[PDB]
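Here the structure is laid out as C-alpha cells; the discussion comes afterwards.
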C-alpha cells in the first residue's frame with residue numbers, strides 16, 4: 457500500500473472499517489452481508505463467503521482474473537533523494553505528537569527505515585533483534601496488565617442483568633447532563 | 457563539473473580551448489596574453505602570470521576570495537532514480553557511434569558507473585585493476601607505435617628548409633583544387 461499511506465496507519469494504532477480499505481487498497485473486493493435466510497440470519501452470511509470464495513477460486517487457477525491492481529502512484533516510483541526528507545519529518549512528528557519518552561514506536565520506524573534501501577529479505581531478521589528488546593523492557597511490561605484489566609472490566613461481573621433499562625431521566629442540563637446524553641443516546 | 461557535462465568530454469577525446477572552459481567551469485579566471493614588453497614579447501607573458509598568481513595567493517591565505525563557485529544546477533542534486541536511464545543511453549551511444557569492438561572506452565565507463573553510488577575513496581583502486589588490463593592488451597598495444605609515427609612524421613626530416621614558399625598556383629578548380637585551397641589558405 458505504501459510508506460506514506462500506511463505509515464500513518466501502523467503506528468497511529470487506530471483501526472479502519474472495511475469501507476475505506478478499498479480506497480486504501482488492502483482488501484479489494486467487498487460484499488455486504490445478508491438478512492433473512494432459510495437458516496438464521498447470520499449463519500448464512502458466514503456460509504455465503506465460502507461460495508463467493510470458491511467462485512473467485514477456480515478463476516485464480518486458470519487466471520481469468522489477475523492480482524495486479526492517484527496520490528500513491530505519484531509516489532510509486534519516486535524516492536531517489538527525498539528519503540531523509542520524509543522520515544525526518546516523521547522523526548520530529550512522533551516527538552511533537554507524543555513526547556520523546558516513548559521508546560516503543562520509533563523502534564518500528566527503524567524497521568521501515570532499514571527495510572527500504574537495504575536487504576529486504578535480510579531485513580526480516582532485524583526485528584528478531586528488536587521484538588525481544590521492546591517486549592522485555594520496562595516500557596510496556598505492565599502494559600499487558602493494563603490490557604488484561606481493560607478487557608477484565610468490560611464485563612458485567614454482577615450475576616445476570618435483571619429487568620434491563622430502556623428509559624432514562626437526566627435531571628439538569630449543562631455540561632454533564634447534555635454531556636452524558638451525547639453518549640447515552642445513539 | 458558533472459557526469460553529463462564531462463561525460464561527453466573525457467571519452468570524446470577532443471580538446472577544448474580556454475574560452476569555453478569558463479562556461480564549463482574547470483578553470484574560472486582568464487587572462488589574455490600581452491604584446492610588446494621591455495623583455496621579448498612572450499617571455500613576459502610567462503612571467504606575468506607569476507604576479508597575478510601571487511596577488512591571488514595572499515588572498516587565499518586570509519580568505520578574501522572563496523573557492524566556491526544553469527543546466528548542471530538542474531542536475532546538481534538530482535539523480536536518485538534516473539541512474540540507469542543515463543548510462544544506458546550512453547551504453548548504446550558508444551556502440552552506435554563506434555561499433556562494439558572497441559574494448560577500450562567502455563572500460564572507463566565502469567569507473568564512472570562505480571564511482572557514483574559506491575565508495576568514492578574505495579573507487580580509486582578499481583582502475584588499478586583496470587589500467588593494467590587495457591594497457592597490457594592487444595587492442596592498443598600498437599597504438600603507442602601509431603602515436604610514435606604520428607609525432608615522427610610531423611617533422612621536416614629533410615635537412616633545413618631553403619627558400620620557403622609564399623605563393624601557390626593551383627591549376628584547375630573542381631573538388632581537389634578548391635579542396636586543397638580550402639586548407640592551404642588560412
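Chains as they are written, first to last, in this note's numbering: chain A, 457 to 642; chain B, 457 to 642. Even for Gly, the Cβ is constructed at its ideal location relative to N, Cα and C.
Sorting A:598, A:610, A:604 and A:480 by C-alpha distance to the C-alpha of residue 529 of chain A places A:480 at the top. Listed in chain order, the non-local C-beta contacts of residue 482 of chain A below 8 Å within the same chain comprise 457, local neighbours out to five positions each way being set aside. Interface residue (Cβ-Cβ distance to chain B less than 9 Å): residue 529 of chain A is not classified as such. Nearest C-alpha to residue 546 of chain B among B:573, B:459, B:501 and B:612: B:459. At a cut-off of 9 Å between beta-carbon atoms, residue 535 of chain B makes contact with chain A. The beta-carbon distance between residue 536 of chain B and residue 572 of chain A, rounded to whole angstroms, is 12 Å. This is too long to meet the 8 Å contact definition. Judged by DSSP in its simplified three-state form, residue 530 of chain A adopts helix.
With a cutoff of 9 Å on beta-carbon distance, residue 486 of chain B and residue 497 of chain B are scored as not near each other. Between residue 640 of chain A and residue 622 of chain A, the alpha-carbon positions lie close to 11 Å from each other. Separation of residue 553 of chain B and residue 466 of chain B (C-alpha to C-alpha, rounded to the nearest whole angstrom) is 15 Å. Distance from the CA atom of residue 517 of chain B to the CA atom of residue 476 of chain B, rounded to whole angstroms, is 29 Å.
Here DSSP, grouped into helix, strand and coil, assigns residue 566 of chain B to helix. Contacts with chain B at 9 Å (Cβ-Cβ) include residue 538 of chain A. For the segment 462–546 of chain B, the continuous alpha helix (DSSP H) assignments of 4+ residues that do not extend past its boundaries occur at 476–480, 499–517 and 528–531, in sequence order.
In its own chain, leaving out the 5 sequence neighbours on each side, no residue places its CB closer than 6 Å to the CB of residue 568 of chain A. Judged by DSSP secondary structure, residue 628 of chain B falls outside any alpha helix (DSSP H); it is assigned neither H nor E.
CA-CA distance, residue 543 of chain B to residue 630 of chain B, rounds to 45 Å. In this chain, the alpha helix (DSSP H) harbouring residue 603 of chain A covers 599–608.
Taking the Cβ atoms as the reference, residue 563 of chain A lies roughly 19 Å from residue 602 of chain A, outside the contact range of under 8 Å. A Cβ-Cβ separation of about 11 Å leaves residue 550 of chain B out of contact with residue 559 of chain B under the 8 Å criterion.
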